[PDB]
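What follows is a set of notes on a single structure, which appears directly below.
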RNA sequence: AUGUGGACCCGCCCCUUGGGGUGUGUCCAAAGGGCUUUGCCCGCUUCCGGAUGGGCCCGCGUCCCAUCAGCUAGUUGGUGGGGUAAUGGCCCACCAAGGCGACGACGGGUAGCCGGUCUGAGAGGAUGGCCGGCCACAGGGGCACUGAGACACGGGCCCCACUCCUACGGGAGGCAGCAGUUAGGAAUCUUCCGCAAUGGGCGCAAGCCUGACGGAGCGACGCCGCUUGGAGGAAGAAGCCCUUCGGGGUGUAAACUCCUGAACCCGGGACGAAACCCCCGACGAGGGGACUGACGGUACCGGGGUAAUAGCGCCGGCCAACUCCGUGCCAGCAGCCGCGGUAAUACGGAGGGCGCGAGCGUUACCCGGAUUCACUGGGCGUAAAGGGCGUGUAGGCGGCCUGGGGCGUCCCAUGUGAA
Ligand SMILES: [Mg+2]
Ligand SMILES: [Mg+2]
Ligand SMILES: [Mg+2]
Ligand SMILES: [Mg+2]
Ligand SMILES: [Mg+2]
Ligand SMILES: [Mg+2]
Ligand SMILES: [Mg+2]
Ligand SMILES: [Mg+2]
Ligand SMILES: [Mg+2]
Ligand SMILES: [Mg+2]
Ligand SMILES: [Mg+2]
Ligand SMILES: [Mg+2]
Ligand SMILES: [Mg+2]
Ligand SMILES: [Mg+2]
Ligand SMILES: [Mg+2]
Ligand SMILES: [Mg+2]
Ligand SMILES: [Mg+2]
Ligand SMILES: [Mg+2]
Ligand SMILES: [Mg+2]
Ligand SMILES: [Mg+2]
Ligand SMILES: [Mg+2]
Ligand SMILES: [Mg+2]
Ligand SMILES: [Mg+2]
Ligand SMILES: [Mg+2]
Ligand SMILES: [Mg+2]
Ligand SMILES: [Mg+2]
Ligand SMILES: [Mg+2]
Ligand SMILES: [Mg+2]
Ligand SMILES: [Mg+2]
Ligand SMILES: [Mg+2]
Ligand SMILES: [Mg+2]
Ligand SMILES: [Mg+2]
Ligand SMILES: [Mg+2]
Ligand SMILES: [Mg+2]
Ligand SMILES: [Zn+2]
């Protein structure tokens, strides 16, 4: 069985960008959606759509990359340098609003789930709520 | 506020007393992970009324014997022996764990 | 190890093994000399190193190096001990304090004098 | 301690012109003048590339000997400038400059800090009127540092404060030559001090 | 019974007391019930006696029992306005 | 030697005896009352229960009992007396009891 | 005897565990003293309330060993009774046969716990010394009495061990109170002053008692402040440096140029102490000079005044500082790597240098560096590490959608988090 589906998605993305795929298919959930919603809004992907694949629902995910570079290795800078699952099954991680961390001095974000819905670090502190802390992304 | 626990009766084999099993989940001091953990309370049952299986509310009371300090407040839901069986098998393991074998 | 494993088993801490049972973890032990033998060194050293077997008030019987040039340690001279591994004689892990009790402090030493326990030369 | 020994051997080891002899260090015989090699019988041989420790160490001794102070008192001042809010490198220099033995020397009551030090100890200096005889007393701002009434007619002062006619003083002191009473206006900033010292090193030395 | 008295808190040769409600059976400098003021017998500072005068009269109302010294100090702050 | 608060000892002894007797009087009367009830002799049992009540409440005037200790002792008493009587008695003199 | 009232059994109502009201019955009070005497002071009795102090119960937390895995007879529960201020197997008789344990029971080892303390970037590690809170003990073991409170350090009884008295039957003791002696030990203080201050016990008060305390004494044991002010050459009866009995350094560094003046002398000289008491006013009235200082003639102020202690470690790399002679795997050094075998910056001396300075070194122990037990934050093909392989018990973990609950989780308010 797939134990942590959220972790799988983050990996699935990490894995796709390193070989510079155009887009990648991740099995769909209302939850994985509310993450991409953020991932998209904060400029890390071009966006996502709800393609069906042999009848079963996925989420195509259009990845972004930097400009073509020069010298040896022209491959572009990634837009997602780094993406890490933080609360994992059987080591769940919750933060209070006071404990919400500053990722990359704020050149990066930290998606987290709250009883006010899924938000970024800035989103949550402005809103004065903590919650389960899903992942880092910078 | 006199403390109030909620639990499962796992024993009816006493005169006017019922062993209640109270489970409590808290996260671990250093390792963060949530761990379930539990304790058995002897509760006063003045009318041998509560039967093995149900889920009761337990309440902090003036002492009634050595290690018997709670009275059985109200009843939550009726029967469910699954909880007892869980608690039963757990016990049965001990039959092994000695010098020979036993029941797995 | 998994988190769960860690929760079940824990880490296990470290134990200090002390290279001086001068007992009490006292800083000095008084002792009565038994032998005042001489001993040979190892690995790539040669000489005749002045050692002493000592009977301790901590109820111990340990060899202990006698630092300095000349010593005056008879078969029964009483003496103080401090920690100190002599790299060369193995099994010698204490020093005799030159200057306390029966051990006279090295004579005519002008340089590093607080070790070797010698008074300020009377150059006044 | 107070060091209290041959001062110009320290002018020489640290390598920069130092004002410990206060008066004489302006004449062509400061010994640093036309003999600027270190003390000892290796004074004039070629010196190898110093370790980073050396560099930091020397830069620290350089500072501490300027103000003539036991390392005890010095490290106490430094930890206190760390704990303190504000760029910690230069809070140090401000505390160091706030020492009475030093503020007396700044106002040219004395020619050396050393001299100024013994001037305080002998109760020749007042502060807000009252007598103070601690070289380490800390001058706060607003404080008026006077010369002792009974000491007013003393030799060294008559001489020293007369030569102070004309001369200017740092823009944090306000000396008045008539009645011999300067005022401590302000804690000096790093640009105010022309100390031949890189305190960044000094910090870095205790950063070990 | 419960008393109001002076508990010593200075330094050697430098006394400062705290005016204190406490059970009399207590250590002099031990655990008290409530601080209700202080006293600097040497008046080294312009503020050398201070009494929470409302609170002083509270404890008095339920049988707090001032030392003869404490009463001085209390009198001075004008606890019992003998007018 | 000789701290003259061994006087306290002398007194302790003196008192010890006063309490000791006061209690035996209660114990012997209370017993007697119960044992009278358990025979249906009701008038005799109350005439004596009543003595025992008094002595008890009295006992508690000094330090021999004081307290709920005496209250207890009375509660245990009149309750027992009524029951041994209620095995067919009909509280004749009805001194200490209220029916 | 009086019953304001209160206790107890039976009822009646409210309450809800034994909280409060009520009725018949029963039971239960007391102490005198002083007067500046018939009216004040301190007392005495019952009851209700407050305040302070305390008993008991509960949740959660609280080291190591599984080479300790099974434990338990008042043991677990019950009815009744004893006992207590009071709940309770606390104790007792009887009845049921339960209670506990791998979420570590039972056993063994170690230890007073905490506020805090040291360390650390932190998470964490280590610790419980001063001071403050609680607990336990008072030569060892048991026990009750007295009392509001003790199972009572300077109270009682009994047994044991040790010491002293002994007319040999029998008696006396108990510094882990202040000081002190002795032993043990690397090592730990005066048989000091004082009742003036604060605090306590009793007294109406005057007072009394207080080794509580406030002070002084010893010990660089720790911290902080402070002094030793600083301007000049160098003949070896075994002892002033550096190319063979030789080239510069020590160094502006002096036994002597002024200047200031630690010690030491002389004079003044304290805060801490205003209440208790008396007096007017009512026995707390802005009146008390009613009087009170161990520390102490000390601190502090003023006058006089002498140029006036410097040590200890280090100099091969780590690690700031190098030369000469002696020595020749010797004597020795050494925290690790290592130095010494005739040219040693590493041993011993010397000159010179570096660090710190009334201290400087050594030993010892804790945290650190050590991401070297890794939660933060490590690993296991060959470096140490995949169980010889399976099955599956307990446990850990769990795909997509919707609805309730709100245990985890998040937020706001509040109470506590003493000093
Ligand atoms: Mg008496
Ligand atoms: Mg009567
Ligand atoms: Mg112990
Ligand atoms: Mg660390
Ligand atoms: Mg003893
Ligand atoms: Mg005993
Ligand atoms: Mg009493
Ligand atoms: Mg009693
Ligand atoms: Mg006791
Ligand atoms: Mg005693
Ligand atoms: Mg003693
Ligand atoms: Mg000895
Ligand atoms: Mg002492
Ligand atoms: Mg008093
Ligand atoms: Mg004292
Ligand atoms: Mg006065
Ligand atoms: Mg008096
Ligand atoms: Mg070097
Ligand atoms: Mg050496
Ligand atoms: Mg040689
Ligand atoms: Mg050498
Ligand atoms: Mg060396
Ligand atoms: Mg000092
Ligand atoms: Mg660590
Ligand atoms: Mg890890
Ligand atoms: Mg490793
Ligand atoms: Mg191999
Ligand atoms: Mg291997
Ligand atoms: Mg295998
Ligand atoms: Mg399973
Ligand atoms: Mg599950
Ligand atoms: Mg799920
Ligand atoms: Mg909830
Ligand atoms: Mg809070
Ligand atoms: Zn100079």
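What is reported rests on the model, the rules as stated and the sources as named; these are not laboratory values. For neighbour counting, all protein chains shown are included, and Cβ atoms are generated from backbone atoms with ideal geometry for every residue, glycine included.
From the list F:32, F:22, which residue is away from ligand 8 (no atom under 15 Å from the Cβ), surrounded by 14 or more Cβ atoms within 10 Å (Cβ to Cβ) and assigned to a helix (DSSP H, G or I)?
On the way: F:22 fails: away from ligand 8 (no atom under 15 Å from the Cβ).
Of the residues listed, the single one that is away from ligand 8 (no atom under 15 Å from the Cβ), surrounded by 14 or more Cβ atoms within 10 Å (Cβ to Cβ) and assigned to a helix (DSSP H, G or I) is F:32.
So residue C:11 clears everything in (1) within 14 Å of another protein chain (Cβ to nearest Cβ); (2) surrounded by 10 or more Cβ atoms within 10 Å (Cβ to Cβ) except one condition, right? Which one?
It fails just one condition, (2).
Go through (1) surrounded by fewer than 19 Cβ atoms within 10 Å (Cβ to Cβ); (2) within 30 Å of residue D:14 (Cβ to Cβ) one by one and return the number of the condition residue D:148 breaks.
If we test residue D:148 against (1) surrounded by fewer than 19 Cβ atoms within 10 Å (Cβ to Cβ); (2) within 30 Å of residue D:14 (Cβ to Cβ), just (2) comes out false.
Does residue C:20 count as under 15 Å from the mean Cα position of the chain (by Cα), under 23 Å from residue C:107 (Cβ atoms) and more than 14 Å from chain A (Cβ to nearest Cβ)?
No.
For region D:19-60, give me each residue that is more than 7 Å from RNA strand G (Cβ to nearest atom), touching a helix residue (DSSP H, G or I) at 6+ places or on another chain (Cβ under 7 Å), touching a residue at least 24 places away in the same chain (Cβ under 8 Å) and within 30 Å of residue D:160 (Cα to Cα).
The answer is D:20, D:22, D:32, D:36.
Suppose we keep only residues that are near RNA strand G (Cβ under 6 Å from one of its atoms) and under 19 Å from residue D:57 (Cβ atoms) within region D:1-18. Which one would you say is surrounded by the most Cβ atoms within 10 Å (Cβ to Cβ)?
If we take residues in region D:1-18 being near RNA strand G (Cβ under 6 Å from one of its atoms) and under 19 Å from residue D:57 (Cβ atoms), then D:13 is surrounded by the most Cβ atoms within 10 Å (Cβ to Cβ).
Given the conditions (1) part of a helix (DSSP H, G or I); (2) exposed (fewer than 11 other Cβ atoms within 10 Å of the Cβ); (3) touching a helix residue (DSSP H, G or I) at 6+ places or on another chain (Cβ under 8 Å), and given that residue F:90 satisfies all but one, which numbered condition is not satisfied?
Against the list (1) part of a helix (DSSP H, G or I); (2) exposed (fewer than 11 other Cβ atoms within 10 Å of the Cβ); (3) touching a helix residue (DSSP H, G or I) at 6+ places or on another chain (Cβ under 8 Å), residue F:90 comes up short only on (1).
Among the residues of region F:45-65, which ones are part of a helix (DSSP H, G or I), out of contact with any helix residue (DSSP H, G or I) (no Cβ under 8 Å at 6 or more places or on another chain) and within 16 Å of ligand 8 (Cβ to nearest atom)?
None - no residue of region F:45-65 is part of a helix (DSSP H, G or I), out of contact with any helix residue (DSSP H, G or I) (no Cβ under 8 Å at 6 or more places or on another chain) and within 16 Å of ligand 8 (Cβ to nearest atom), so the list stays empty.
Residue check: is residue D:109 within 23 Å of residue D:194 (Cα to Cα), outside the structural domain of residue D:164 (by CATH) and crowded, with 21+ Cβ neighbours inside 10 Å? Full working, then the answer.
Numbers: within 23 Å of residue D:194 (Cα to Cα): yes; outside the structural domain of residue D:164 (by CATH): no; crowded, with 21+ Cβ neighbours inside 10 Å: yes.
Spelling it out, it is not the case that residue D:109 is within 23 Å of residue D:194 (Cα to Cα), outside the structural domain of residue D:164 (by CATH) and crowded, with 21+ Cβ neighbours inside 10 Å.
Got at least one residue in region A:114-137 being surrounded by fewer than 18 Cβ atoms within 10 Å (Cβ to Cβ), closer than 27 Å to residue A:23 by Cα and touching a strand residue (DSSP E or B) at 6+ places or on another chain (Cβ under 8 Å)?
no
Take residue F:79 and tell me if it is within 10 Å of RNA strand G (Cβ to nearest atom) and within 10 Å of the chain's Cα centre (by Cα). Break it down stepwise before answering.
On the way: within 10 Å of RNA strand G (Cβ to nearest atom): yes; within 10 Å of the chain's Cα centre (by Cα): no.
Spelling it out, it is not the case that residue F:79 is within 10 Å of RNA strand G (Cβ to nearest atom) and within 10 Å of the chain's Cα centre (by Cα).
Could you figure out which of (1) touching a strand residue (DSSP E or B) at 6+ places or on another chain (Cβ under 7 Å); (2) surrounded by 13 or more Cβ atoms within 10 Å (Cβ to Cβ) isn't true of residue B:24?
Exception for residue B:24: condition (2).
Quick check on residue F:42: is it more than 16 Å from ligand 8 (Cβ to nearest atom) and over 16 Å from residue F:82 (Cα atoms)?
Numbers: more than 16 Å from ligand 8 (Cβ to nearest atom): yes; over 16 Å from residue F:82 (Cα atoms): no.
Judged against the criteria, residue F:42 is not a match.
Looking at A:89, A:57, A:72, which is the one that is within 14 Å of chain C (Cβ to nearest Cβ) and loosely packed, with under 14 Cβ neighbours inside 10 Å? Steps first, please.
Values: A:57 fails: within 14 Å of chain C (Cβ to nearest Cβ); A:72 fails: within 14 Å of chain C (Cβ to nearest Cβ).
Of the residues listed, the single one that is within 14 Å of chain C (Cβ to nearest Cβ) and loosely packed, with under 14 Cβ neighbours inside 10 Å is A:89.
Of all helices (runs of 4 or more DSSP H) completely enclosed by region D:1-111, which ones contain at least 2 residues that are more than 16 Å from ligand 35 (Cβ to nearest atom), more than 14 Å from every other protein chain (Cβ to nearest Cβ) and closer than 21 Å to residue D:202 by Cα?
In region D:1-111, D:52-66, D:71-83, D:88-97 are the helices (runs of 4 or more DSSP H) which contain 2 or more residues that are more than 16 Å from ligand 35 (Cβ to nearest atom), more than 14 Å from every other protein chain (Cβ to nearest Cβ) and closer than 21 Å to residue D:202 by Cα.
What about residue B:63, is it in contact with a strand residue (DSSP E or B) (Cβ under 8 Å, 6 or more places away or on another chain) and surrounded by fewer than 12 Cβ atoms within 10 Å (Cβ to Cβ)?
Values: in contact with a strand residue (DSSP E or B) (Cβ under 8 Å, 6 or more places away or on another chain): yes; surrounded by fewer than 12 Cβ atoms within 10 Å (Cβ to Cβ): yes.
Yes: the conditions hold for residue B:63.
Residue C:87 - would you say it is farther than 27 Å from residue C:119 by Cβ and either surrounded by fewer than 11 Cβ atoms within 10 Å (Cβ to Cβ) or within 14 Å of chain A (Cβ to nearest Cβ) (or both)? Walk me through how you get there before you give the answer.
Details: farther than 27 Å from residue C:119 by Cβ: yes; either surrounded by fewer than 11 Cβ atoms within 10 Å (Cβ to Cβ) or within 14 Å of chain A (Cβ to nearest Cβ) (or both): yes.
For residue C:87, the condition - farther than 27 Å from residue C:119 by Cβ and either surrounded by fewer than 11 Cβ atoms within 10 Å (Cβ to Cβ) or within 14 Å of chain A (Cβ to nearest Cβ) (or both) - is met.
Can you tell me which condition residue D:183 does not meet? The list is (1) under 17 Å from residue D:98 (Cβ atoms); (2) part of a loop (DSSP other than H, G, I, E, B), and all the others hold.
Against the list (1) under 17 Å from residue D:98 (Cβ atoms); (2) part of a loop (DSSP other than H, G, I, E, B), residue D:183 comes up short only on (2).
Look through B:19, B:6 and report the one residue that is out of contact with any helix residue (DSSP H, G or I) (no Cβ under 7 Å at 6 or more places or on another chain), in a strand (DSSP E or B), more than 14 Å from chain A (Cβ to nearest Cβ) and touching a residue at least 60 places away in the same chain (Cβ under 8 Å). Let's see the steps before the verdict.
Numbers: B:19 fails: touching a residue at least 60 places away in the same chain (Cβ under 8 Å).
Of the residues listed, the single one that is out of contact with any helix residue (DSSP H, G or I) (no Cβ under 7 Å at 6 or more places or on another chain), in a strand (DSSP E or B), more than 14 Å from chain A (Cβ to nearest Cβ) and touching a residue at least 60 places away in the same chain (Cβ under 8 Å) is B:6.
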